[PDB]
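Results of the structural survey
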Amino acid sequence: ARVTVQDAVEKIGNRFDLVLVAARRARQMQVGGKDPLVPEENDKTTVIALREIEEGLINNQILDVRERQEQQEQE
Amino acid sequence: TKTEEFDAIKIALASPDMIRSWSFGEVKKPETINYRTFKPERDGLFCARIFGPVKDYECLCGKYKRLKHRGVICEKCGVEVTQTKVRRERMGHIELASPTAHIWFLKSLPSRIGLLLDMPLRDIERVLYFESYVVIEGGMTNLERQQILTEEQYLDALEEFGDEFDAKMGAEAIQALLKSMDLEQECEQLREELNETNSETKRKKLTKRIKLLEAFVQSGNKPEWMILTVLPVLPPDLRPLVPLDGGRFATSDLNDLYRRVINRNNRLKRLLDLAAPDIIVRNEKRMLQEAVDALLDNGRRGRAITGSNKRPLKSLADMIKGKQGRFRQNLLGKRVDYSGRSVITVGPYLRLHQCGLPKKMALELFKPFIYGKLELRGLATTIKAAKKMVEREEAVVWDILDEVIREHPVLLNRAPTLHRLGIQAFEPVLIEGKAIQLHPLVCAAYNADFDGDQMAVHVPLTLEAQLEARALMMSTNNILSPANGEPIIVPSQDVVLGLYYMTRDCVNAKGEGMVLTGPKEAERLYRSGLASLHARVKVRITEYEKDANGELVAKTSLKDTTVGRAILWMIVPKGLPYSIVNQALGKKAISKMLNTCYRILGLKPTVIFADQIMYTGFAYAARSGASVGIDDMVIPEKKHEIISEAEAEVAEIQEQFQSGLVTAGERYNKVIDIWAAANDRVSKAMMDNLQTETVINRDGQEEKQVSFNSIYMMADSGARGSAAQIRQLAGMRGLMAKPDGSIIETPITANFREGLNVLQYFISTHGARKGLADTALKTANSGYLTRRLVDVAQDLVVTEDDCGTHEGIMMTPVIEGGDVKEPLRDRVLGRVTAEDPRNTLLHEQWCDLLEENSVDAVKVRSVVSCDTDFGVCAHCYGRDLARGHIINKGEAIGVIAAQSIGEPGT
Amino acid sequence: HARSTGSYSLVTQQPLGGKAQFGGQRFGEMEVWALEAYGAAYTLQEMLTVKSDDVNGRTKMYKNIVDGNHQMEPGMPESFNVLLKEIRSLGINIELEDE
Amino acid sequence: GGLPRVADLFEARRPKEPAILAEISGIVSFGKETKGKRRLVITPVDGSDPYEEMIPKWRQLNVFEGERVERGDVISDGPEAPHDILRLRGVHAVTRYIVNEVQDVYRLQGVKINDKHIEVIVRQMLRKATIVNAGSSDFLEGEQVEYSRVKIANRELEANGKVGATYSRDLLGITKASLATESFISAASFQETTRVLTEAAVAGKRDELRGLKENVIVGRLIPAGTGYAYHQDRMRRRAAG
DNA sequence: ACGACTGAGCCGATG
RNA sequence: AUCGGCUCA
Ligand SMILES: [Mg+2]
Ligand SMILES: [Zn+2]
Ligand SMILES: [Zn+2]
């Protein structure tokens with residue numbers, strides 16, 4: 001996502017929750033490592049959050065359900 | 001109370017013990033500094049034993065140093081050893097031996113004392129300024145209350161009955177007056193008093209008293225604190241004590257006031273309990289209280305003080321107002337970091353999202369981006385070691401820069417930001433120089449032009465800042481305009497002429513009767529040098545239409561288009577019909593392609609396609625060998641006839657002037673219509689004697705062909721050159737006005753191909769030196785108009801999921817007798833409905849399907865009619881026209897509204 | 001001209017034109033109009049704190065772009081702390097309520 | 001005027017020579033005469049029999065000696081005034097008067113502004129209504145129209161304080177409805193700060209940080225755009241408690 | 001009776 | 001830093 005993000009906007013729905021679904025995802029892959037799924041084409045953690053929306057992946061439904069997973073692995 | 005997650009704010013009056021709390025120690029002495037060495041004196045306006053020391057965890061005298069003694073309450077120097085920043089928050093006070101009439105509660109009309117005591121304003125001065133007495137308590141001397149008496153008489157009041165009768169003097173009178181005027185009393189004396197003698201505008205003040213009393217004790221204030229019993233003083237850092245350059249001392253007007261004030265308060269104290277000659281005193285309760293009605297607010301009573309240069313002294317008051325306080329210092333006058341500035345230049349190689357940032361600039365911005373992504377890659381051991389490799393201009397520096405600018409966008413700003421497109425984001429790349437580069441299409445979106453201009457250049461930091469700069473502010477969302485349903489980024493100027501030159505029709509150029517085997521053979525037949533961009537020929541085309549669902553539609557056909565036209569079909573992105581480019585495309589009909597490209601397909605290929613027009617526009621613009629020759633400034637053939645037959649039509653009516661078939665006064669205007677007849681009698685022996693001028697024919701012999709003239713083509717393409725401009729250039733200049741307006745006896749005959757008469761220049765002088773003096777206040781008044789308008793409709797947001805009632809406002813097409821502009825298809829567009837679907841959108845694809853019924857009589861649920869708490873319900877509004885979709889819960893409706901009046905307010 | 005870090009004027013903790021560097025660019029209210037129109041929530045937060053004013057957080061954010069964290073961590077700009085201290089000494093009570 | 005034409009329209013001040021819209025419908029006839037005048041009579045059959053009005057001295061009229069006049073007629077020529085039509089008809093053609101003057105300025109220059117943009121503000125102008133009957137505080141006064149529905153939709157039901165409050169209409173164009181922001185923060189950024197920050201002291205006014213101008217100053221996030229869903233989670237905890 | 005553009009440049013002069 | 005001076009968008 002350098003040219004135009006039109007595919008990844010309407011996936012989550014609007015352009016404001018393309019921020020706080022990608023800000024949260026741009027945060028998770030910057031701190032404690034975290035997995036690069038769709039080939040890390042050089043790029044940076046900026047695009048990656050959005051790039052996971054361009055290939056049928058990251059959403060708010062997948063960031064508030066999988067944060068319960070890192071609360072079932074540390075017991 | 002500890003945690004500082006603030007939620008709400010409340011305001012209230014200034015009690016004595018309250019302001020004392022904020023204060024830590026009285027500002028007893030009125031001293032600044034010992035003009036020997038710069039140390040804030042003992043008990044002076046500056047002092048550490050009150051406000052804290054002059055450094056970090058240190059003192060004045062010099063035993064406690066560096067850090068150790070965290071909050072060690074010293075004495076010899078006198079410092080609670082804390083970090084000096086206390087001098088930005090801590091306060092002192094000045095206890096007045098005489099109560100001092102506060103001003104903001106008094107001379108701010110209609111007086112917060114006046115209609116709180118049932119009184120005017122002139123009065124309260126008299127006793128407080130010092131001439132007369134006033135009565136307080138109800139007893140036995142027949143003087144009741146709030147009575148007024150000039151000195152002399154009072155002798156016979158405490159010499160008749162006496163004992164029960166109060167009446168002191170001064171501001172003090174107003175003090176003790178507010179003490180005993182019970183408020184369970186005053187209140188319930190006006191609810192059965194508005195019973196019959198009401199009247200209709202005599203009761204305009206009787207309702208200004210019911211509000212002010214009711215809202216007072218129920219907040220927990222009570223009115224004793226109106227007049228200032230004790231005076232608060234600011235912290236030392238804020239009022240800046242700073243000795244600049246030349247052993248010389250820099251301080252604003254704050255200090256000059258705070259002092260004198262105390263110089264009287266000390267003359268006062270030493271003359272309250274040291275013999276009180278009460279006439280020599282009225283020199284003091286006056287002059288002291290006359291300087292606090294100068295500190296608090298200088299210019300109110302009547303331009304009281306001046307500086308040392310006959311110009312007013314600024315005050316505590318004007319530290320908020322005067323457009324330049326701490327209110328217009330949190331929004332407007334707000335300096336920002338991580339940015340720069342430079343002059344703007346073209347960039348015809350760029351793709352839309354691309355700016356051309358000055359390498360220099362990028363570097364001195366991204367410093368703390370590079371330092372860290374250098375230490376991480378393993379090229380440096382500290383931040384400072386990198387501070388040398390950067391400045392050394394080491395090569396590896398620029399390496400990291402390319403991968404930092406990779407996936408890290410920018411904000412680009414032009415003042416005035418009349419609306420919101422005045423800022424957009426553009427993904428830059430590197431380009432060396434001092435100069436910044438940009439797109440020539442967004443030229444129009446910005447208030448912009450390449451001639452002597454400048455752009456500040458911010459940088460969005462947090463992951464969010466970047467991505468939301470990409471998600472919203474970016475240029476890629478802003479192809480359609482906010483204010484209306486037209487794209488703002490259109491083929492401006494030059495890009496245009498290329499396409500006209502290209503597409504323009506013909507019958508003879510270089511050979512004809514050709515066919516081609518697709519769009520590819522065409523390009524061969526040009527750049528090599530085997531044909532020209534003309535020649536009407538039947539051409540093979542593989543247009544792919546869209547299926548109902550999509551998209552198994554691959555059509556084939558063979559149609560008539562010129563060499564020029566068809567070349568560009570290459571860049572027309574597969575999914576598009578052909579009849580759009582089939583013609584002599586002016587910017588007018590070029591903007592079509594976009595608008596058609598946008599709604600048939602989408603956003604992702606309109607951007608690619610359109611930017612790729614721009615290149616292809618300039619491509620044949622230059623190649624053309626186009627120019628502005630004095631040949632193509634052609635004059636109408638018989639110009640010196642049309643002026644001449646109408647010049648002797650002046651000499652025929654003046655055979656009738658002083659006599660009588662027309663009178664003396666009306667002369668001025670009878671010929672003005674026949675003058676103005678020739679105005680556009682010649683402009684149609686010009687757009688007819690230059691419109692289709694060719695006549696040199698290859699194919700046997702015929703006449704009709706569009707002109708070879710360079711200028712006209714601009715007026716036919718829409719490059720630049722209005723059908724009024726052209727006249728003035730090589731036709732008729734015509735009618736001008738006066739400073740008043742009345743037109744001149746002889747409008748201009750000549751033009752700018754031929755030479756002007758001195759008179760003829762000297763007249764026009766006005767015409768344009770009025771029309772440009774307007775522009776001295778054009779950018780000024782629009783900005784006053786805009787702001788004002790934004791400030792009413794800014795406290796507003798989108799709110800509910802739905803507002804639900806069948807209601808609205810009429811739309812029935814405009815007919816001013818016989819002249820229409822916008823009827824049904826492009827006015828009622830987007831309006832949300834309420835009858836039959838009802839409660840569904842009327843899209844750009846819809847009032848097509850509501851024109852075919854012979855549609856009449858409409859009512860639509862809109863913004864005024866919004867049964868919606870505080871905001872705009874969204875489902876009872878319309879559409880976000882800065883997009884091709886329904887409006888969304890978020891985009892603040894208000895800001896945009898007033899914004900869209902500033903933009904074309906220019 | 002350019003800017004990214006340096007010094008600030010004592011009172012309103014903001015840049016000053018003169019020695020060391022030129023004038024740092026200004027952010028107006030008609031400029032903020034644009035930020036108010038776009039969803040520029042987080043951007044407008046940095047502007048007024050970690051670029052100009054904030055005394056404990058503008059520079060304590062500095063080493064979150066160096067350290068490779070990329071984050072806000074703001075608090076309160078002093079221009080308000082001035083406005084508060086002016087109003088208290090102008091002659092008013094005004095303060096912050098909590099949860 | 002010319003350019004400040006635009007200004008005057010949203011500003012709200014009466015123009016030069018207005019008309020006389022027959023305020024109430026019925027058997028409208030004239031009576032009496034002095035120099036060149038005729039005292040009008042408009043008595044509705046229902047309860048309010050009283051009603052009389054008069055006119056200046058060069059108006060030529062289009063209702064002669066008893067014709068079917070309704071809620072007014074296009075009587076005397078000239079540019080009409082703002083305030084009365086809002087009082088008379090309602091709020092359906094009063095807005096279209098705000099639109100069908102301002103626009104043609106741009107339609108001679110050549111600009112469109114899809115009309116609903118004028119509404120956003122006109123709603124922010126038309127607001128600040130004046131209520132009829134004695135309900136919770138005084139006859140006339142200044143209170144928001146939708147606050148009068150925190151009143152009218154509120155009073156006519158629960159509790160034990162039975163006095164309904166049907167609304168009436170005033171126009172406060174920009175510099176008038178602007179003044180009446182009960183939020184000292186945004187209030188003092190564009191008016192004479194004195195007149196509010198002193199009436200701030202008197203009554204003990206607050207500002208609970210709901211606004212846009214408001215949130216900005218304090219170094220907080222805006223309740224709009226991306227900051228919308230943030231201020232959906234913080235303002236909801238003032239009721240959950 | 002009130003209300004006074006949006007950016008930054010350079011010089012100068014006294015609280 | 002307030003004021004004064006003058007240019008370019
Ligand atoms: Mg220009
Ligand atoms: Zn000491
Ligand atoms: Zn609605």
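Our subject in this report is the structure included herewith.

Basis of the calculations
Residues numbered from 1 in each chain as written, not as in the entry; some residues may be left out. Chains lettered and ligands numbered in written order. Part of a larger assembly, values for the part shown. Heavy atoms only, no water. Salt bridge = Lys/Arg side-chain N within 4 Å of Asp/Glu carboxyl O. Helix = DSSP H or I, 4+ residues; strand = E, 2+ residues; numbered from the N terminus. Buried < 20%, exposed > 50% of the residue type's maximum accessible area, 1.4 Å probe, protein only. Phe/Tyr/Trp six-rings, centres within 6.5 Å; stacked < 30°, edge-to-face > 60°. Near = heavy atom within 4 Å. Polar contact = N/O pair within 3.5 Å; in protein donor to acceptor, adjacent residues only side chain to side chain. Nonpolar A, V, L, I, M, F, W, Y, C, P; charged D, E, K, R; others polar. Patch = residues over 30% accessible without salt bridge, like charges linked within 9 Å, V, L, I, M, F, W, Y side chains within 5 Å. Areas by Shrake-Rupley, 256 points an atom, 1.4 Å probe, with all protein chains shown as cover. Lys, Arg positive; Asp, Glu negative; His and termini not counted. Charge placed at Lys NZ, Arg CZ, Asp CG, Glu CD. Contact = heavy atoms within 4.5 Å. Axes fitted to C-alpha atoms, helices over the stretch in contact; angles between N-to-C directions. Parallel < 35°, antiparallel > 145°, perpendicular 65-115°, else oblique. Core = buried A, V, L, I, M, F, W, Y, C linked by side-chain atoms within 4.5 Å. Disulfide = S-S within 2.5 Å. Donors = N, O, S within 2.8 Å, 3.2 Å for Na, K, Ca; no water. Pairing = 2+ DSSP bridges. Buried area = accessible area lost by both parts, 1.4 Å probe. Left-handed = near helix turned anticlockwise from the far one by under 90°.

A pair can form between side chains of opposite charge whenever their charged atoms are brought close. What the rule picks out here adds up to 51 salt bridges over all chains. Salt-bridge contacts for B:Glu427 lead to A:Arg2; the nearest nitrogen and oxygen are separated by 2.9 Å. With one member in each of two chains, B:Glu427 in strand β11 (residues 427-431) and A:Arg2 in the segment before α1 (9-12) form a pair that bridges those chains. Residue B:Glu427 is classed as buried on the basis of its relative accessible area of 0%. Given a relative accessible area of 27%, A:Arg2 falls into the partly exposed group. Between B:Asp337 and C:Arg3 there is a salt bridge; the shortest N-O distance is 3.5 Å. One end of the pair, B:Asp337, is in the loop between β6 (334-335) and β7 (339-345); the other, C:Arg3, is in strand β1 (residues 2-3), on a second chain. On the accessibility criterion, B:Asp337 (2% relative accessible area) is buried. Residue C:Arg3 is classed as buried on the basis of its relative accessible area of 2%. Residues joined by salt bridges that share partners form a network here, namely A:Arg2, B:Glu407, B:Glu427 and B:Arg470.

Attention shifts here to the packing of aromatic side chains. All names here are of chain B. Enumeration according to the criterion identifies seven aromatic pairs over all chains in this entry. Each ring, one from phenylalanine 38 and one from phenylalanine 249, has its centre 5.3 Å from the other, and the planes form 80 degrees; the classification is edge-to-face. Taken as a pair, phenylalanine 38 in the loop between α1 (16-22) and α2 (48-51) and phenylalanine 249 in the loop between β5 (228-233) and α8 (254-269) lie far apart in primary sequence, 211 residues in all. Taken together, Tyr133, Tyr154 and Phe165 form an aromatic cluster joined through their ring pairs.

Neighbouring residues of RNA strand F: B:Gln324, B:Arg414, B:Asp449, B:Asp451, B:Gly452, B:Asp453 and C:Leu16. Considering RNA strand F, the proportion of its atoms within 4 Å of the protein that are sugar or phosphate atoms stands at 100%. B:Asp451 is positioned with one of its side-chain polar atoms (N or O) 3.1 Å from a sugar or linking oxygen of RNA strand F. B:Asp453 has a polar side-chain atom sitting 2.5 Å from a sugar or linking oxygen of RNA strand F. In terms of residue class, the surface near RNA strand F is built from one nonpolar, two polar and four charged.

Let us now look at a positive patch on the surface. A cluster of basic residues, D:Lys32, D:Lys35, D:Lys37, D:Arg39 and D:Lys57, forms a positive patch on the protein surface. Mapped onto the elements, D:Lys37 comes out in the loop between β1 (29-31) and β2 (39-41).

Turning our attention to the side chain of C:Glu29. Note on placement: C:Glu29 falls in helix α1 (residues 29-37). When its relative accessible area of 1% is taken as the criterion, C:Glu29 is described as buried. Separated by 2.6 Å, the side chains of C:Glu29 and B:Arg787 make a polar contact. Beyond its immediate chain neighbours, meaning those up to four positions away, C:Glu29 contacts B:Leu331, B:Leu332, B:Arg787 and D:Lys213.

To continue, consider the packing of helix α4 (residues 122-130) of chain B against helix α5 (residues 171-179) of chain B. All names here are of chain B. With their axes 6 Å apart at the nearest point, α4 and α5 run at an angle of 120 degrees to one another. By the angle between their axes, α4 is oblique relative to α5. Contact with α4, carried on its side by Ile124, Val127, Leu128 and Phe130, involves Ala171, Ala173 and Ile174 of α5 and no other residues of that element. Of the residues in the contact of α4 with α5, the class split is seven nonpolar, no polar and no charged.

Proteins that are soluble and globular tend to have nonpolar side chains buried together. B:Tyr258, B:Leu412, B:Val442, B:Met473, C:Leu35, C:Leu44 and C:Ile94 are the most contacted members of the largest nonpolar core, which totals 119 residues. At six residues, α8(B) tops the list of elements feeding residues into this core. Not counting residues within four places of it along the chain, the set of residues in contact with C:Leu35 comprises B:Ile423, B:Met473, C:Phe27, C:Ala40, C:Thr43, C:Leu44 and C:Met47. Residues B:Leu796, B:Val895, C:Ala37 and D:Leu126 belong to the second largest nonpolar core, which totals 43 residues.

The subject of this paragraph is the state of the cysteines. Residue and element names in this part refer to chain B. Per the counting criterion, the structure on display carries four disulfides over all chains. The disulfide that involves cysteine 59 links it to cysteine 77, with 2.0 Å between the sulfurs. Residues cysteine 59 and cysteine 77 are joined by a disulfide whose S-S torsion is about -90 degrees; by sign, that bridge is left-handed. Of this pair, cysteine 59 sits in the loop between α2 and β2 (92-100) while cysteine 77 sits in the loop between α2 and β2; the two residues are 18 residues apart in sequence, bridging distant segments of the chain. Each of the two residues, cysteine 59 as well as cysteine 77, counts as buried. Residue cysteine 61 pairs covalently with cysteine 77 via a disulfide, S to S 2.0 Å. Taken as a pair, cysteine 61 in the loop between α2 and β2 and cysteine 77 in the loop between α2 and β2 lie far apart in primary sequence, 16 residues in all. Owing to a relative accessible area of 7%, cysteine 77 belongs among the buried residues under this scheme. A disulfide-free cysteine, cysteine 847 has its sulfur positioned 18 Å from the sulfur of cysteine 876, the nearest such atom. Accessibility expressed as a relative area gives 3% for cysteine 847, which makes it buried.

Geometrically, a metal with four donors at the corners of a regular tetrahedron has ideal angles of 109.5 degrees, and one with six donors at the corners of a regular octahedron has ideal angles of 90 or 180 degrees. The coordination sphere of the zinc ion (ligand 2), as far as protein atoms go, consists of B:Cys74 (SG) and B:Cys77 (SG), spread over 1.8 to 2.3 Å. Look at B:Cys74 and you get buried, because its relative accessible area is 8%.

Right, let's get into the sheet that holds strand β1 (residues 9-12) of chain B. Spatial ordering of the open sheet is given by β3(C)-β1(B)-β6(D), a layout of three strands whose pairing is antiparallel. With one partner strand each, in any of the chains shown, β3 (93-96) of chain C together with β6 (206-207) of chain D form the two edges of the open sheet. When β1(B) meets β3(C), the two strands line up antiparallel, connected through four bridges. Opposite B:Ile11, over in β3(C), you have C:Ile94 as the bridge partner.

Contact with chain C, which involves 71 residues of that partner, is made by 87 residues of chain B. Among the residues chain C hides against chain B, the three largest losses belong to C:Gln25, C:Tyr38 and C:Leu90. Together they make up 11% of the total. Counting across the interface, chain C meets chain B through three salt bridges. Here B:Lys334 and C:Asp53 are joined by a salt bridge, their closest N and O atoms 3.1 Å apart. Here chain C is connected to chain B by 26 residue pairs in polar contact. For the side of chain C that touches chain B, the secondary structure elements donating two or more residues are β1, β2 (26-27), α1, α2 (41-51), α3 (62-65), α4 (78-90) and β3 of chain C. The leading source of residues in the side of chain C that touches chain B is α4(C), at ten residues. Broken down by class, the residue content of the side of chain C that touches chain B amounts to 33 nonpolar, 22 polar and 16 charged. With two bridges connecting them, β7(B) and β1(C) associate as antiparallel partners.

Turning our eyes to something else, we now look at the sheet that holds strand β3 (residues 52-53) of chain D. By definition, the strands of a sheet pair up through backbone hydrogen bonds, in either a parallel or an antiparallel sense. Reading across the sheet, the three strands line up as β1-β2-β3 (chain D) and stay open at both edges, with antiparallel pairing between neighbours. With one partner strand each, in any of the chains shown, β1 and β3 of chain D form the two edges of the open sheet.

To continue, consider the packing of helix α29 (residues 893-902) of chain B against helix α4 (residues 116-126) of chain D. Axis separation between α29(B) and α4(D) bottoms out at 9 Å; the angle between their running directions is 120 degrees. Considering how the two elements wind past one another, α29(B) and α4(D) form a crossing that is left-handed. Listed contacts from α4(D) to B:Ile893, B:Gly894, B:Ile896, B:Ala897, B:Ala898, B:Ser900 and B:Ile901 of α29(B) are D:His117, D:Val120 and D:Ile121. Its residues assigned to classes, the contact of α29(B) with α4(D) comprises seven nonpolar, three polar and no charged.

Turning next to the protein's contact with DNA strand E. Contacts to DNA strand E come from 26 residues, most closely from B:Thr251, B:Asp256, B:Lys323, C:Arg26 and C:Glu31. Atoms of DNA strand E within 4 Å of the protein belong to the sugar or the phosphate in 60% of instances, the rest to bases. At 2.8 Å, a backbone N or O of B:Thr251 approaches a base nitrogen of DNA strand E. For DNA strand E, a sugar or linking oxygen lies 3.3 Å from a polar atom in the backbone of B:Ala780. Going through the elements one at a time, α28 (778-792) of chain B together with α1 of chain C are the ones with two or more residues in the surface near DNA strand E. Sorting elements by how many residues they give to the surface near DNA strand E places α28(B) first, with four residues. Tallied by class, residues from the surface near DNA strand E come to ten nonpolar, eight polar and eight charged.

A contiguous nonpolar patch, built from B:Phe870, D:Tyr147 and D:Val150 and spanning about 320 Å² of accessible area, is present on the exposed surface. Here D:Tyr147 lies in the loop between β4 (130-131) and α5 (152-155).

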